[PDB]
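Input: a single structure, listed below in structure tokens.
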Amino acid sequence: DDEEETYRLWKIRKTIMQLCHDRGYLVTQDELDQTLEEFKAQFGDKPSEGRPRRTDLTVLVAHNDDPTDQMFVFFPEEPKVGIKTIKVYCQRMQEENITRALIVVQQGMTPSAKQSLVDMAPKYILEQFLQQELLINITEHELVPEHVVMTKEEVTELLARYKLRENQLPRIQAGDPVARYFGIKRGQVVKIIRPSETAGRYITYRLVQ
Amino acid sequence: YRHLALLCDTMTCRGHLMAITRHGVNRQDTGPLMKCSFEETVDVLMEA
Amino acid sequence: XXXXXXXXXXXXXXXXXXXXXXXXXXXXXXXXXXXXXXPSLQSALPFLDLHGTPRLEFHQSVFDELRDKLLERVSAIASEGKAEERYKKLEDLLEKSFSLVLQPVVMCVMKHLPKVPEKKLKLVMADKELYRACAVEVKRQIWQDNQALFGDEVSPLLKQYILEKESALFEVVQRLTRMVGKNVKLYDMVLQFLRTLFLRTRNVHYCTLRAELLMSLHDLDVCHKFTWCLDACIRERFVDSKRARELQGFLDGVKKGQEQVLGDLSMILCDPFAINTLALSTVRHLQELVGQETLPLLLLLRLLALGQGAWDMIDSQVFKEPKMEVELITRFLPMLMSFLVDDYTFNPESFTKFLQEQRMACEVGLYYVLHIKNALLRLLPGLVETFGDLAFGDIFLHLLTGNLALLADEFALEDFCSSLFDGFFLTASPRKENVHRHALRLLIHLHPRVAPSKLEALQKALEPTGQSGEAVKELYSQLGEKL
């Protein structure tokens, strides 16, 4: 199909725009929610060997303050990504001076390339996402409450007010899909605002382990 | 709601699903006497 | 009061209704009329109101002072600044300034009043504008106070700076209220005049709040944008090094700048936030290079950029400060001596003494390494020689930073040596330095063998401290000590 592919590419584009905006980036307001027909006009209504192919829509966004760091998002052509495909993206990144990036894989990554992504983590950070993860912004789901990443000063304020350590907070996985959505690393407390039917509002905290 | 909230919060205060068996309770750091108080008694003490 | 077209007729009727008879029917008929409302309601007002006030209709006009004003927004937002609707708004504003002595004309000028040819002249004809100067600040307040009103409002910046000085011894919305009515030319003129006046008079505190005001331009208000994009990393990260290295590389390849590079070095130069950020980044880079054991090259370029920053305001039309590639190893040799003493004591004072008596950026660097017991107790005579060597102003802020690091340390003999250093330099110290000494001595007296002698020295610094603030703070410290 070709209309299904431009729908799927538009929904991945929409979810990546909402992901960058929720992560705290410069997302333009019309880009943050464009119409499918606007995407078809801007890109060309034929993903089957045509104008909205992959690598045309690699989204480069900067940060809302400190505009140096960028995570210019990747879309591989092939379904099953490998090392000799991601080293081209490594070449494009080392051509630049920026260390974060997101690739949007179609099928699963070869696990050697999964190990390879960890094999440059102090140098430059790479996250990966499957197509099914990005056809739905899971933060819009009603079961998912408001996750907010906390700054280090607020973490010091938290631990100094409650007189507890980072070992004692209730914790969260690093491969948690909301943690993967915000792209938080290990040791980075996430405040979570959720409505409670017995107090109104409850703010819990999840240190990342 | 206090009781439901407490049970659902102890199962998720570790990041993953803490199943209420030996397989989920006896994988958190609580104490060898606490963990041998549950269904596997000798094996917890041998490992500790 | 004011006299409009109908107002002049009202005054003429008040003159010609003072005498000559003219019975009430004829007088009320010749006086005026309300052409909008019906005569039936005007005759039922005696039957219903018993001589009421019709000001609720004027209250509806006050609703019109919003509602048609929204219709003025309906003129402004539909056609993208319609010229005919703007001309009608200008004619209505002229009639309202002539008729009302001016809240509806105030809202009609606050809606949108650019390109008015007799707008600023009509505002300068009503040049009292005391409360009007804060209400007419949408468009009319811009460019009218640039002669003398901006100079009158400049003093609250120094008032807030004095407030921050008094608060550190223990704004954001106001600059936004200034930037509500704020354009490119007025901002450029205010920035240039304030930079020339500050670099003439003091060049001390105004650069920090000027960078804070430029950081308050986040709301899409439009070199200067490159200065904001540079200072975003200065404001955001406190210990930014690699981004700071990219910024040093970006500001090292400058062109022949006609005072723009000098303005960038001024904005970078005098900020205690930015100076502390550059000092902490340079000291973290020095510690990283000591961990690599590869002393000179990126810390050298950062220290040279910081030294060029600190030496900007002494002259105009200048490039930077020299590097001194031979002097850098002699300046950072005491770092290696402190590391050697720490390596010996975790498993030389004469070199630090000779390197501390031959002396800007490296001085603050060595003062910011003072936070990070035998090595410190050996280098402390070099600290006594340094405090007897230069004796500058901001060295007491570096002593306060060392006292914050020592309060994070929690040590007795280091605290006693710091109290001895604070006591032995009461000769040419300011009020802030003695006030910080008394605030640190309020944290003093962990040990009871010298604390009564310091309680007597509080009174022994009252008579010699002729400044009333220092003795008042000592009396307040004694009052807080007895609670």
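As a convention, Cβ positions derive from the backbone with ideal geometry for all residues, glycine included, and neighbour counts pool all protein chains shown. Here, each number is a calculation from the coordinates, and none is a lab measurement.
Answer yes if at least one residue in the stretch C:224-245 is away from chain A (no Cβ under 14 Å) and in a helix (DSSP H, G or I), and no otherwise.
So in the stretch C:224-245, the residues away from chain A (no Cβ under 14 Å) come out as C:224.
Right, trim to in a helix (DSSP H, G or I) and you get C:224.
Yes.
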Check: If you scan the stretch A:163-203, which residues turn out to be surrounded by 15 or more Cβ atoms within 10 Å (Cβ to Cβ), within 12 Å of chain B (Cβ to nearest Cβ) and assigned to a strand (DSSP E or B)?
Finding: A:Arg171, A:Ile172, A:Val190, A:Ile192
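Out of B:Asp43, B:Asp9, report the one residue that is within 14 Å of chain A (Cβ to nearest Cβ) and of a type in the set (D, E, K, R).
B:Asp9
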Check: Residues in the stretch C:402-449 that are within 33 Å of the chain's Cα centre (by Cα) and assigned to a loop (DSSP other than H, G, I, E, B): how many?
Finding: 7
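Which of the residues spanning the stretch B:39-48 are acidic (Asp, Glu) and in a helix (DSSP H, G or I)? Please lay out each step first, then the result.
Just the residues of the stretch B:39-48 that are acidic (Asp, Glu), to begin with: B:39-40, B:43, B:47.
Across the stretch B:39-48, the qualifying residues are B:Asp43, B:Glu47.
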Note to self: Scan the stretch A:128-145 and tell me whether some residue there is exposed (fewer than 15 other Cβ atoms within 10 Å of the Cβ) and charged (D, E, K, R).
What the structure shows: yes
Next item on the list: Note down all Cβ pairs under 8 Å where the first residue falls in the stretch A:40-66 and is farther than 15 Å from A:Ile16 by Cβ, the second is of a type in the set (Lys, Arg) and buried (at least 16 other Cβ atoms within 10 Å of the Cβ), and they're at least six residues apart or on different chains.
Entry: A:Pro47/A:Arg53; A:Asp65/C:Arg235; A:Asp66/C:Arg237; A:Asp66/C:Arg243
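For the stretch B:1-38, what are the residues that are of a type in the set (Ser, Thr, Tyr) and outside any loop (DSSP other than H, G, I, E, B)? So that I can check it myself, show each step before the final result.
Applying the first criterion (of a type in the set (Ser, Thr, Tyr)) to the stretch B:1-38 yields B:1, B:10, B:12, B:21, B:30, B:37.
Answer for the stretch B:1-38, where residues must be of a type in the set (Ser, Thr, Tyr) and outside any loop (DSSP other than H, G, I, E, B): just B:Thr10.
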Notebook entry, point to check: Is one or more of the residues making up the stretch A:136-144 closer than 30 Å to A:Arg13 by Cα, within 14 Å of chain B (Cβ to nearest Cβ) and assigned to a strand (DSSP E or B)?
Noted result: no
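Conditions tested, residue by residue: (1) within 14 Å of another protein chain (Cβ to nearest Cβ); (2) within 22 Å of C:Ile142 (Cβ to Cβ); (3) among the aliphatic types (A, V, I, L, M).
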{"position": "C:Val184", "(1), (2), (3)": "no, yes, yes"}
{"position": "C:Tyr187", "(1), (2), (3)": "no, yes, no"}
{"position": "C:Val190", "(1), (2), (3)": "no, yes, yes"}
{"position": "C:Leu199", "(1), (2), (3)": "no, no, yes"}
{"position": "C:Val204", "(1), (2), (3)": "no, no, yes"}
{"position": "C:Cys207", "(1), (2), (3)": "no, no, no"}
{"position": "C:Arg210", "(1), (2), (3)": "no, yes, no"}
{"position": "C:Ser216", "(1), (2), (3)": "yes, yes, no"}
{"position": "C:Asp221", "(1), (2), (3)": "no, yes, no"}
